[PDB]
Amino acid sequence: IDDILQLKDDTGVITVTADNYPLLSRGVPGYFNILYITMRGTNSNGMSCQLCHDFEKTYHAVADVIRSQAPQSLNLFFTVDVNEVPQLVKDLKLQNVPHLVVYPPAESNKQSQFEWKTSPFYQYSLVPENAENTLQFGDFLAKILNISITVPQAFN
């Protein structure tokens, strides 16, 4: 699993690719998998996803807080771009973006059946109103990961 951990970029997040998707989608025993499903470029109509762009910053801000304040937490953060990994789009039956989903680790006795495409997940609904709400997103992850964190806020 040391191979998967080394995939983290300088922000502590792992980019899903067509090549690595089959491996990553089978999980790491004991680890939560937080997956941001997004679209960074322009679509077929030359339009950009503003919500995708805005929440990606929120995503990274909260990931940074969790990495710093909860070093023991067994979690992995991932991003995937729907234009880059067609098998994931197919497997997860994606029809729109963005999505933020969290897979808990499979129970030890059910490990071999873990796959992103079939395993239960929590979803954090994304809308313009919460695109920049780091407090709320942090609270969501804190509850799932059973941690206590303090995200720096604009409002104090």
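Numbers follow the displayed sequence, beginning with 1.
Q: Which wins on mean Cα temperature factor, 90-98 or 116-124?
A: So the stretch with the higher mean C-alpha B-factor is 90-98.
Q: Decide which of the stretches 100-108 and 47-55 has the higher mean C-alpha B-factor, going by the entry.
A: It is 47-55 that shows the higher mean C-alpha B-factor.
Q: Among 68, 33, 130, 42, single out the one with the highest C-alpha B factor in the record, please.
A: 42 has the highest C-alpha B-factor of those listed.
Q: Going by what the PDB entry lists, where does residue 11 fall on CA B-factor within its chain: lowest, middle or highest third?
A: Its C-alpha B-factor belongs to the highest third of this chain's values.
Q: Among the modelled residues of this chain, does the Cα B factor of residue 23 put it in the lowest, middle or highest third?
A: It falls in the top third of the chain.
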